[PDB]
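See below for the structure under consideration.
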Amino acid sequence: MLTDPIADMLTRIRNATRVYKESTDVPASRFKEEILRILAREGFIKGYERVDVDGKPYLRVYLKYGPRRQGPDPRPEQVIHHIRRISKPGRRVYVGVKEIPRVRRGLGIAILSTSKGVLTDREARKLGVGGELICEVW
Amino acid sequence: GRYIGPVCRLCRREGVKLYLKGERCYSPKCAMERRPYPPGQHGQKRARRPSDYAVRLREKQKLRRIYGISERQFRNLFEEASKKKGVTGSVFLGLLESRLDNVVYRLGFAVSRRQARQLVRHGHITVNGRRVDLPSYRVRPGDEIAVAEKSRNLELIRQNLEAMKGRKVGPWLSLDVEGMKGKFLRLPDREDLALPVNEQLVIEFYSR
Amino acid sequence: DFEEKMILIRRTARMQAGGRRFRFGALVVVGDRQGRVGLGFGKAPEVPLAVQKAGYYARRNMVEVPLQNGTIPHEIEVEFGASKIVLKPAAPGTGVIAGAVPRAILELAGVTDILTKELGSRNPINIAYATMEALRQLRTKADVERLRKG
Amino acid sequence: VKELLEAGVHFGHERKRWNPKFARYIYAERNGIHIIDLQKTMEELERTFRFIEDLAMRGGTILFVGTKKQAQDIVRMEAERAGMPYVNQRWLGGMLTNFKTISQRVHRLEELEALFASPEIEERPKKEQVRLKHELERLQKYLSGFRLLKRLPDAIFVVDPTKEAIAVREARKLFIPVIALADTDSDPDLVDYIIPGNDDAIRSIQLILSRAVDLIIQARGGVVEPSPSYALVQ
RNA sequence: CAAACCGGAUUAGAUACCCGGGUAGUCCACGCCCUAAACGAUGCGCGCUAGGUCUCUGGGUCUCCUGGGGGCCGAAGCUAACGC
RNA sequence: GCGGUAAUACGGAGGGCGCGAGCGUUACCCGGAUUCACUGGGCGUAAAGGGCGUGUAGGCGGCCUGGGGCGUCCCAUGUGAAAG
Ligand SMILES: [Mg+2]
Ligand SMILES: [Mg+2]
Ligand SMILES: [Mg+2]
Ligand SMILES: [Mg+2]
Ligand SMILES: [Mg+2]
Ligand SMILES: [Mg+2]
Ligand SMILES: [Mg+2]
Ligand SMILES: [Mg+2]
Ligand SMILES: [Mg+2]
Ligand SMILES: [Mg+2]
Ligand SMILES: [Mg+2]
Ligand SMILES: [Mg+2]
Ligand SMILES: [Mg+2]
Ligand SMILES: [Mg+2]
Ligand SMILES: [Mg+2]
Ligand SMILES: [Mg+2]
Ligand SMILES: [Mg+2]
Ligand SMILES: [Mg+2]
Ligand SMILES: [Mg+2]
Ligand SMILES: [Mg+2]
Ligand SMILES: [Mg+2]
Ligand SMILES: [Mg+2]
Ligand SMILES: [Mg+2]
Ligand SMILES: [Mg+2]
Ligand SMILES: [Mg+2]
Ligand SMILES: [Mg+2]
Ligand SMILES: [Mg+2]
Ligand SMILES: [Mg+2]
Ligand SMILES: [Mg+2]
Ligand SMILES: [Mg+2]
Ligand SMILES: [Zn+2]
């Protein structure tokens, strides 16, 4: 079965971008969606939208890359350089507000889930909470 | 002072005029001018490329052998300067330069530091009007470094200060002659000293 | 102009009938100490030739390193082969705290304060190729903003 | 310098030995053959010919590379028409990345022809005379219009990316813009300016290089007529 | 058919390879034994990431499309390399 | 790793380097050792996939809504002696 559906998405995305797709489909959940809301806001995607494949509900993510490059290998720079699940099943990772990590000196984000809802690193620290550290993205 | 040996064979090992003697070092000697190669039967054959380590080592020696100080007492200063807040390298220089044995040399009471060391150990130097016979003593800012009241008409001191009449003393030191009195205005900053040491290197050697 | 350093020279050897036949390799670095570095691997019949060749090789293959007050934007870690290099920014007064290979490269790039760790295989050649890759991979807030606008 | 319904019969080509990366430029699998998106061939042509204009205007050269025999002769005329150089027979290891060293062969040709207008073709032993006259043979055979190059070209026109892929690779390593006449067997992303037509079949090929060289002359300053090739393609 | 074994050869020797014999065993039933280069030297499950080609077995509008299985080549990528 | 008759590696000498009222040695602990890897490792061929299954406990578990608030997070407050 699908043991972690968040990693599934996070990965689904990582996979798609490395072959430069225009978009990719993840099967849908509000929680998954509530993450894409942030990916989108912070500039990591072009955004997403609830499409509908074979009558079951998916979230089409629209990916985003650099410009074409120079010399041999013109494949463009990735926008999502790096994106990885931190907390996982059978190793949940929770942090105090005093422990929310500075990712790449802030050049990257770290989505975490708090009782004020899903939030970036900057968001929670400048709002006073902590929670389950979901994933770093940079 | 300390080390107590041939000093100019050290000038000749660092390949640098070190002035561990003051006066004669301005003559046609210091060892360097006329014979500026290393001491020893070998110090005149084509010099092999110094290992990364030697380079950083020889550089520390160049700094320590200037101020004439045990490695035990050098490192103790460096570690302190390390723990301390600020560019740990220049704080080090600030610390060596804050030594009384050296401040006496800076204010030209002695013509060398070896001479300035003894001038203190034999009690001719006073701090804030009290006497201090420790080369180690850390001069703080605001302190006045006098020549001892009852040492004033002394031969070594007379010549040494009629020579100081009309000479400039560092931008971090005051000094009035006739009164045999200096003043530690401030800890010098890195560009205030003109030390032939990379110093950045000295830091690297103490983490080998 | 440029400053050359040379991290290792070595004396490889191949077999032909009746005797081994030698050769020399040179890893050299060039830098202007203001954000430009090049790594050159020059192999050749005799030593000083193999150096010359590396210096030239090192000048094509330049990296534009985005210094900031003597250090780096983020912190990268990079794997080249089984070599891993770990780069970490440090405040002024720290110095290049690094193994002797990325030190060569970093100092010549003009990084004056940094933290380093060689992890995994320590082959000086692959370690050099890795810190070059680490450097090639640095981004600044400037170029990240561009990436995620539109 | 146009023609849109110059599909003629030179639109789609190649079966299913495609590079799937060429998927955007295809219309359908009309009976064992991908046919090329007609519109795109014309609008890629837009941005492409545009490129080449500014190259002739600024006064730079375009190296025409076509080795494929079903396009070989065509390259010779259209590349001779424009001033530009051509690689026609076969493409040598380092025409570009080794462009100095390769040009010793040019230094010799131009200088070996100088032997053949002197009294020293009667002088010199015939041990040299036979060798040094059938050596000039081969030189003129590969470098018949590489010799026109005195430095690396500003761009490079290949008629088959896949087939002349060593030519392409060398261009990139020296950052020289690739123009290419491509179709379904190629990697489009490896090419800067693409004319998604079809690498094989003279009816295409020449049409493209005609109109391209038309444009090169037209923009350099000469505004001319029909070509030495044209319907002399059988 | 063939360990052991009994002979013939070969050999410097030949407790072997070659040759003529030959018992356990190899076969059956029942009961034990539990090992191996028990090997893809690759634990099981699920999701994702170009294609081409050969083959076994379903289905459909049957130039082909769509499943399951067995091979080969290869995108991205990985690997110390070989390779995958 | 040096020494087999030209030893910068042995014994002496001159010279040199490093510390210095100390300098060496042996012993032991952490370090370098991401060399038990949580941070921070691996198992096709380097050590490492259990011969294969069935399944007990245990670990883990798709989408939507509501209650609870155990985990998780936050505020306040008590305790955290002195020495270090
Ligand atoms: Mg590895
Ligand atoms: Mg190792
Ligand atoms: Mg072809
Ligand atoms: Mg028998
Ligand atoms: Mg028998
Ligand atoms: Mg029996
Ligand atoms: Mg049985
Ligand atoms: Mg059928
Ligand atoms: Mg199959
Ligand atoms: Mg590959
Ligand atoms: Mg490989
Ligand atoms: Mg001897
Ligand atoms: Mg010997
Ligand atoms: Mg000896
Ligand atoms: Mg020894
Ligand atoms: Mg340590
Ligand atoms: Mg450890
Ligand atoms: Mg291991
Ligand atoms: Mg084995
Ligand atoms: Mg094994
Ligand atoms: Mg198995
Ligand atoms: Mg078993
Ligand atoms: Mg086994
Ligand atoms: Mg089971
Ligand atoms: Mg169970
Ligand atoms: Mg449960
Ligand atoms: Mg759940
Ligand atoms: Mg609930
Ligand atoms: Mg609770
Ligand atoms: Mg206490
Ligand atoms: Zn001197």
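Computed on region C:65-139, with alpha-carbon pairs under 8 angstrom and 6+ residues apart, the relative contact order is 41 percent. The alpha-carbon atoms of region C:8-103, seen along their principal axes, cover 58, 27, 21 angstrom, with the largest extent given first. List the chymotrypsin sites (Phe, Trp or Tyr not before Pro) within region D:90-180 that fall in a DSSP loop (any state other than H, G, I, E or B) and whose Cβ has at most 15 other Cβ atoms within 10 Å. Listed in order of number, the matching sites are D:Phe175. Note on chain D: GNM, Cα springs under 10 Å; of D:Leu45, D:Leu55, D:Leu136, the largest mean-square fluctuation is that of D:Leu136. Cβ crowding within 10 Å ranks A:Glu123, A:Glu99, A:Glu132, D:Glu225 as D:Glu225, A:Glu99, A:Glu132, A:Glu123, fewest other Cβ atoms first. In region D:92-147, a dipole from Cβ-located charges (positive for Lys and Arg, negative for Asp and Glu) runs towards its positive end, and of D:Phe99, D:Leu109, D:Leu139 it is D:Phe99 whose Cα lies farthest in that direction.
When the GluC sites (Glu not before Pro) in region D:1-109 are filtered for DSSP coil states and for at most 14 other beta-carbon atoms within 10 Å of their beta-carbon, the remaining sites are D:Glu3, D:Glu29. Backbone amide hydrogens, once placed in the peptide plane, bring D:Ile26 within less than 5 Å of D:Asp37, excluding anything fewer than 5 places away on its chain. Summing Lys and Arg as +1 and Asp and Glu as -1 over all other residues whose Cβ lies under 12 Å from the Cβ of D:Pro228 gives a net charge of -2.
Beyond 20 Å in Cα-Cα separation lie the following of the pairs C:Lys43/D:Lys150; A:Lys32/A:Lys88; C:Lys84/C:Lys117; C:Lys5/C:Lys43: C:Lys43/D:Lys150.
Amide H contacts of A:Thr114: A:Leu119, each under 5 Å away and 5 or more positions distant or on a separate chain (H built 1.01 Å from N in the peptide plane; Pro and chain starts excluded).
In chain C, with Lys and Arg counted as +1 and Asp and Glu as -1 at Cβ, which of these residues, C:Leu39, C:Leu138, C:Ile97, has the Cα nearest the positive end of the dipole, that is, farthest along it? Most positive-ward Cα: C:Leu39. If only the Cβ of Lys and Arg carry +1 and only the Cβ of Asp and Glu carry -1, the dipole of the protein assembly as shown around its Cα centre is close to 4480 debye. In the protein assembly as shown, helices alone account for a calculated mean residue ellipticity at 222 nm of -9500 deg cm²/dmol, with every DSSP H run of four or more residues adding -39,500 (n - 2.57).
Here the 3J(HN,Hα) profile of region B:79-87, calculated from phi with Karplus coefficients 6.51, -1.76 and 1.60 at θ = phi - 60°, is 5, 5, 4, 5, 2, 4, 8, x, 4 Hz, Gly and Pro shown as x. Using C-alpha pairs below 8 Å separated by at least 6 residues, the relative contact order for region B:97-193 is 28 percent.
When a/c reaches 1.5 or more, the comparison of a/b and b/c decides; with that in mind, is region C:82-147 rounded, prolate or oblate per its Cα gyration tensor? Note, shape of region C:82-147 comes out oblate. Each of D:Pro196, B:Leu93, C:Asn123 was placed along the dipole of the protein assembly as shown (beta-carbon charges, centred on the mean Cα), and the one lying farthest toward the positive end is B:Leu93.
Taking 20 Å as the straight-line reach from the Cα of B:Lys150, the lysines in range (excluding those fewer than 8 positions away in the same chain) are B:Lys181, B:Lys183. Separation of region C:55-126 and region D:170-234, taken as the distance between their Cα centroids, equals 46 angstrom. In this structure, D:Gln89 and D:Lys126 have a Cβ-Cβ separation that, at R0 = 30 Å, corresponds to a calculated FRET efficiency of about 0.60. Can you give me the Cα centroid spacing of region D:121-162 and region A:14-81 in angstrom? Using only Cα atoms to place each centre, the spacing works out to 53 Å.
Every residue, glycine among them, receives a Cβ derived from its backbone with ideal geometry; neighbour counts consider all protein chains shown. Values in this text are rule-based calculations from the coordinates and carry no lab data.
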